[PDB]
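Quick notes on the structure that follows.
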Amino acid sequence: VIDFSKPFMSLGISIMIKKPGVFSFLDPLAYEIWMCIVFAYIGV
Amino acid sequence: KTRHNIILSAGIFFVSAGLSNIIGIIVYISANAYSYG
């Protein structure tokens, strides 16, 4: 129904998604493990 | 005051109480599998 010129801009359908602690070296073991390690050290 | 093995028994009792405390803490935490009060 209307005349289009050549595309002045090209686009497509795209996906938009939403985009270390100081003591993070303790992260491999849980906090309870460290606490029980201290307790076991005292007991030993 | 002449029986010295009573003090030794008290020390053994305290150390054993600590060891049972450790075991109870481990049992409680493992059975829970938040914050601690």
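In the structure tokens, chains take the letters A, B, ... in the order shown, each chain's residues start at 1, and ligands count up from 1 in the order shown.
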Counting only C-alpha atoms, give me one row per residue of chain A with an atom at most 9 Å from an atom of chain B, showing the shortest contact pair and its distance in Å to one decimal, sorted by chain then residue number, as a tab-separated table.
```
residue	atom	partner	partner_atom	distance
A:32	CA	B:29	CA	7.9
A:36	CA	B:22	CA	7.7
A:39	CA	B:22	CA	7.2
A:40	CA	B:22	CA	7.6
A:43	CA	B:19	CA	6.9
```
### Message
Please return, as a list in words, all residues of chain B that DSSP assigns to helix (DSSP H, G or I) on the basis of the backbone.
### Response
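Written out, the helix (DSSP H, G or I) residues of chain B are residues 5, 6, 7, 8, 9, 10, 11, 12, 13, 14, 15, 16, 17, 18, 19, 20, 21, 22, 23, 24, 25, 26, 27, 28, 29, 30, 31 and 32 of chain B.
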### Task
Find the distance between atom CA of residue 36 of chain B and atom CA of residue 31 of chain A and write it in Å to one decimal.
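A separation of 11.4 Å between them.
Atom CA of residue 31 of chain B to atom CA of residue 24 of chain A spans 26.4 Å [interatomic distance, one decimal].
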### Query
For the atom pair atom CA of residue 7 of chain B and atom CA of residue 20 of chain B, what is the interatomic distance in Å to one decimal place?
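About the pair atom CA of residue 7 of chain B and atom CA of residue 20 of chain B: they are 19.9 Å apart.
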